[PDB]
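Asks: Experimental structure and its sequence below.
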Amino acid sequence: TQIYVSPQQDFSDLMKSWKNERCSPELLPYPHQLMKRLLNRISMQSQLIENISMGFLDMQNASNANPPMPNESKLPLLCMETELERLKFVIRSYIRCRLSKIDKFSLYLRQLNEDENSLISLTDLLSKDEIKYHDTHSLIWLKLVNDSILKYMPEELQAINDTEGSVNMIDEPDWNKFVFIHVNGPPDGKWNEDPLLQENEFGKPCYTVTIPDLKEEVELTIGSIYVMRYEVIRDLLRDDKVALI
Amino acid sequence: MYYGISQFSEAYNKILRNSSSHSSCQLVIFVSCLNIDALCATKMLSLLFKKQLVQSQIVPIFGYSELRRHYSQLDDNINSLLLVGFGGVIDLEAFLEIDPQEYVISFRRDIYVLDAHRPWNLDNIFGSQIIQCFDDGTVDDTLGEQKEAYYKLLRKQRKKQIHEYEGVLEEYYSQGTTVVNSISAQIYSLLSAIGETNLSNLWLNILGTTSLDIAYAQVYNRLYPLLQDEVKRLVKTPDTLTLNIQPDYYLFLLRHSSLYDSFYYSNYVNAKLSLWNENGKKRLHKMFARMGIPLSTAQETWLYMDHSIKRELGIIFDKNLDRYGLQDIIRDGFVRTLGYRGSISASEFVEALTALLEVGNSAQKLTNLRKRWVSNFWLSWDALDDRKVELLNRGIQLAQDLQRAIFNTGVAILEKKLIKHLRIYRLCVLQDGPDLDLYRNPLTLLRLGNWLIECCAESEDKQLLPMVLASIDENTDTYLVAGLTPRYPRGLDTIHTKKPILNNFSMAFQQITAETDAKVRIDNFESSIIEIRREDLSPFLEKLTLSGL
Amino acid sequence: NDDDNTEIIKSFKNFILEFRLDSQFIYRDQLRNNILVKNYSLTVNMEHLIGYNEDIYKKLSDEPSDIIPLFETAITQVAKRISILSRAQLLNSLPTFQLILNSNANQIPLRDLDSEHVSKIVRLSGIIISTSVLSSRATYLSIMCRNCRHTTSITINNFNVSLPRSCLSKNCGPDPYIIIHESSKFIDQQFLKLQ
Amino acid sequence: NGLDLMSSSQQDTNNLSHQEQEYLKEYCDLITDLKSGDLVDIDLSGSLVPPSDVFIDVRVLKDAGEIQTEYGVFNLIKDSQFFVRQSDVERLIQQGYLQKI
Amino acid sequence: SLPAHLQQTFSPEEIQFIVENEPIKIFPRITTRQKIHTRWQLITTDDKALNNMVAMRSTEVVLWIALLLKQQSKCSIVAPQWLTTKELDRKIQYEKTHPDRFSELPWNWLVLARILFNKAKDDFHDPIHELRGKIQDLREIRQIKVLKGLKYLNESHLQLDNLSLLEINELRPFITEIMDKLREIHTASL
Ligand SMILES: [Zn+2]
């Protein structure tokens, strides 16, 4: 993101990102600017609600005066506070899901990070607190498992990052998991300037994808829910072209 | 009066101006536990205050010690407090050491006491501004003379006025405790004046009114036409709700038990036909044979009972009851039906509620009993809503069991002739027997006493004497003594109903305890129920015999 | 004669399709869950039937052996309605559904049964002392003639039929019919002794 | 909430190994540290059921004194019912002091 | 959110929340037109509709705000077009006449129905029981069609054009796992 059309657009983007993250079998990058805007918005909203509450409380407790009129007083404040609660819940759920996924794939991510050839780096995919979480958790878990079992283990296989022998200890994400998708089409209102979509009989613009293993071609028209594997649909997901349900 | 009939709404408005807030609890309600009318009023108030989203808390209490302790616990933040079901007969300020100068600013707090007992503390109204109550229309007309003396009492020949005022105050006092109006009725009058009446409110008002049928039939008969007119003013779709005026009878769970048991356990039928000996059963069998219902047919559930006889039961009763003289059993009652669930009557519902209150789920054991009672009250409260029926079928079966136990104990009492006839008041003591642990509940004891007093009244004796009933709780080694008022036969005219029979037992007990160092504990909201020691019962008794009642 | 049967069937079908408490149609979901597990049966409680409408219960208690089959065929009509698609027009291996009842009426001792309990619904308790071996019963009989030699089918209910007289229209015998055992439907029956 | 709730779940947590116990303590330390960063205005260890209603009825389960709240005070009289805001009693409900959401 | 396996699919409460975060029409009982008063000034919804509101006129608000106003006497919800007998009749006719295609219905199917039947009871122009029964019949026939179509489970893909959110959610853990197992079997065999 570079600019906001409206905060409601930011809310919609956050909800779509949460829905995509919840069902995806792979850890996705981090939209820093969206939450950078959202946290600041929450800060101003909390500050203003506290200021107005203090104002009415001081007005009511300075003297008898006039009690606040029930009309147009309770309902707005109730609406703001409940909306803030719902937004906080959504953010909390998204963050907890990301934390669970980072807990699952700790060793694989750490192995990927030290590779110089990988164009993807840990800085882009994670927030700084998540990096500190991964580092501390990996260190403490390694110390625990070393103090418990590995100290009596032979040196030749004391390493827990072994990828040789019979079975590997690295847990790669399953890219072939089946997911439910809804073909959203191009995000633009024109929805017809994309250079990838094609046409069939009776119009019905479609997106054509191929399965390398099965040697097939599958048409994906706009407005139909499909059940397709995840490996062949990463690009369309990352281009906001299709939305997982 | 402080708050007349026409002022309720105004007072209600004040509550909002002192309680309607965003994130502050500024309203607490204390309820007289072990009372149906208080429960109905509390339910109606809870619905009202849930409508306008006014935050509140409901706290059951049992004794005056609990009331004092809970009031001492409260913080100054609570602007409004409600006291439903008690507080009329005593001066709260003296009890609660309330300083008006401490709460001047005026109107630092507000305590609304809502009670139905007719003799009430005159100083509580004419002296205090902090305490305020809802009059039923009594101060305006009845107390037109007492207020003058109180105002005057608030050159050597002027002592005549002081003597006259003292005499007037004494004459006003020394009166028995009675009940003349309903809390649910007052609350529904407020609701009708405001404009928030509906079927749930009407049902709760009907329950609150019909809860008094056993003891205050005069009040019930005075109030019934208003309910009838209000119900008149207000395809079997699975969401229908019907309130009708159907004929009903003084019968025990007619629509949930067999007709034979319904006739067998009915208190009025028992009193009129003496079912505790064999001649009563012979007369009952004669009744059944002459009506023409087979003995095997009459011993079946009301659901599977024959449709034709269920239809013609009214005519059968009309033609057969005259000879036996039970023509006072037929009356008019309210029936509520919701979809395909079935039919429930007000009497059956209130008996189920009472029994569920009775049964459900030294000082330490007394506290445990009192907390069990408040838990039973909460369970009964939860049973009110229409979404629960396993909490009502259980109550109905428990009512059947409790009535069986009461009948089994009363027949033994009447066999043993334990009712000693003294010169002033009758006396009976349940020294020993079976299932005596059930009678630790004051409401169960009152039920037993009501049956006993009905049986005594339905006799040829021409003496109206108060009855004293006592029990035993061997764990505590204490007697639970309750005073009972005499009752006229239900089939009597209104000319000999100039004033209901008063109760002087509270006055007698308080005078004896204040003049003699007896080891009693008078803390129940019912001033005629006390706990006395096993060794202290007798001397006390002779004292009560020798004291002016 | 047929109008009354149709009225009774319609009444029972309306009872099945319209009975609901709170927000659940209990009997339709029961039929679904029964068909999914291949238990072609339905359980009716007396209290629900009485609460819905009293006339149906009165008719059921009056002449049970004549009314029950109408209910048990209304059940299978509803099951075929709510289990299969018309498809603008097959297996259809759905026999007549079994009806099972529950009640909470007053019990009647065995020795109390007498002439007034004939053709009535009764509830009683005892102890089982011996169970017979199961035997077969015919429900759908495929019948073949011998001289004219045509095909016919007979449907038999278990409550409360013989070879038809004369042939269906030359000059056959009184009952020139035989039973074709193949393409016939059979059920199981068992005998019990109570003490 | 990263407290391990020694006041109320097994009591002495002695069925764990000592290494597992120090791992639990350090994990509680990490959880306390995590919400002290840029997410200080959001309680991560809160409920995850979406907020559906604003005013609910709640019933007390254990006896206590009176607890200060924002602009108000809640006196936890034993076996009483409150008609209060949903966003004010979630902490008490999670602790087990309240009942009948 | 871990909670064992609750990290893979949506719970019904989340579905209710995501559905109730949608626009709806409303007929207000009060007026809040500015004097030509506290500003709503919300962050995730246009205020200009709420602030510039006059009684007895049509306007669009989010569903949860509509429910909050419905709790008091400040609201009168307008039922959608598809919640009436004359629309559900043609809908059920469409399902009956077409034995292979799911009829077009909003993806909030059964959910807006549950919410409206639970809360907005006294504003319907049609009896509640009839609409509930017809919705039950619709659910019944759609369930039959889904069960019939489930028999084909290819290892490549599948198409489900007009299934609502709850119907997809309650079927995801079975279809997904079965197809994943089939894919694993095929891949391990080559
Ligand atoms: Zn022939």
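Replies: Received the coordinates, thanks. Numbering: from 1, shown residues only, chains lettered A, B, ... in the order given.
Asks: tally of neighbours for residue A:200?
Replies: Using other CB atoms under 10 Å in any protein chain shown, residue A:200 is surrounded by 11 other residues. No exception for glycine: its C-beta is placed from N, CA and C like everyone else's.
Asks: which residues sit in contact with it?
Replies: Applying CB atoms under 8 Å, 6 or more residues apart in numbering or on different chains to residue A:200 gives the contacts A:206, A:219, A:221.
Asks: nearest to chain B, of those?
Replies: residue A:221 (44.1 Å; CB to the nearest CB).
Asks: need the contact list for the closest one.
Replies: Residue A:221 sits next to A:183, A:200, A:204, A:205, A:206 when contact means CB under 8 Å, 6+ apart.
Asks: Could you find the closest non-adjacent residue to residue A:123?
Replies: The shortest distance from residue A:123 to any non-neighbouring residue, by CB to CB, 6 or more residues apart in numbering or on different chains, is to residue A:131 (7.8 Å).
Asks: mind checking which helix or strand the one you found is in?
Replies: Per DSSP states H and E: residue A:131 is located in helix A:128-148.
Asks: same check, this time on residue B:334
Replies: In this assignment (DSSP H and E), residue B:334 forms part of strand B:330-338.
Asks: how deep is the residue nearest to residue A:123 tucked in, by neighbour count?
Replies: 15.
Asks: Relative to residue A:171, how far out is it?
Replies: For residue A:131, the distance to residue A:171 equals 19 Å [CB to CB, to the nearest Å].
Asks: do the same with residue E:4
Replies: With distances taken as CB to CB, residue E:4 is found 18 Å from residue A:171.
Asks: And residue B:480, by the same measure?
Replies: Remark: distance between residue B:480 and residue A:171 (CB to CB) = 72 Å.
Asks: Next: residue C:182.
Replies: 62 Å.
Asks: Between these two, tell me which one has more neighbours.
Replies: Neighbour count, other CB under 10 Å: between residue C:182 and residue A:171, residue A:171 has more, with 11 against 5.
Asks: check contacts around the more buried one.
Replies: For residue A:171, the contact set (CB under 8 Å, 6+ apart) comprises A:104, A:105, A:107, A:108.
Asks: so what does the strand holding residue B:334 touch, helix or strand wise?
Replies: Applying 3 or more CB pairs under 8 Å, 6 or more residues apart in numbering or on different chains; DSSP states H and E, we find strand B:330-338 packed against helix B:199-210, strand B:241-249, helix B:307-324, strand B:343-345, helix B:346-358.
Asks: mind checking which helix or strand residue A:49 is in?
Replies: Applying DSSP H and E, one finds residue A:49 within helix A:32-62.
Asks: which element follows that helix toward the C-terminus?
Replies: Per DSSP H and E, the helix or strand that comes after helix A:32-62 is helix A:74-104.
Asks: export the lengthiest helix in chain D as PDB, just CAs?
Replies: With secondary structure taken from DSSP state H, chain D has its longest helix at helix D:18-34. Output of helix D:18-34 as PDB, limited to C-alpha atoms (Å, rounded to 0.1, in the frame of the first residue of the first chain):
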ATOM      1  CA  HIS D  18      12.400 -29.800  36.300                       C
ATOM      2  CA  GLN D  19      13.700 -29.000  32.800                       C
ATOM      3  CA  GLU D  20      10.000 -28.800  31.600                       C
ATOM      4  CA  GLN D  21       9.300 -26.600  34.600                       C
ATOM      5  CA  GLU D  22      12.000 -24.100  33.700                       C
ATOM      6  CA  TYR D  23      10.900 -24.200  30.100                       C
ATOM      7  CA  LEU D  24       7.400 -23.300  31.200                       C
ATOM      8  CA  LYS D  25       8.800 -20.400  33.300                       C
ATOM      9  CA  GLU D  26      10.800 -19.100  30.400                       C
ATOM     10  CA  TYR D  27       7.900 -19.400  28.000                       C
ATOM     11  CA  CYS D  28       5.700 -17.400  30.400                       C
ATOM     12  CA  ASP D  29       8.500 -14.800  30.500                       C
ATOM     13  CA  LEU D  30       8.500 -14.700  26.700                       C
ATOM     14  CA  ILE D  31       4.700 -14.400  26.500                       C
ATOM     15  CA  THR D  32       4.800 -11.500  29.000                       C
ATOM     16  CA  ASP D  33       7.600  -9.900  27.000                       C
ATOM     17  CA  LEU D  34       5.800 -10.200  23.700                       C
END
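Asks: I'm done for today, thanks for sticking with me.
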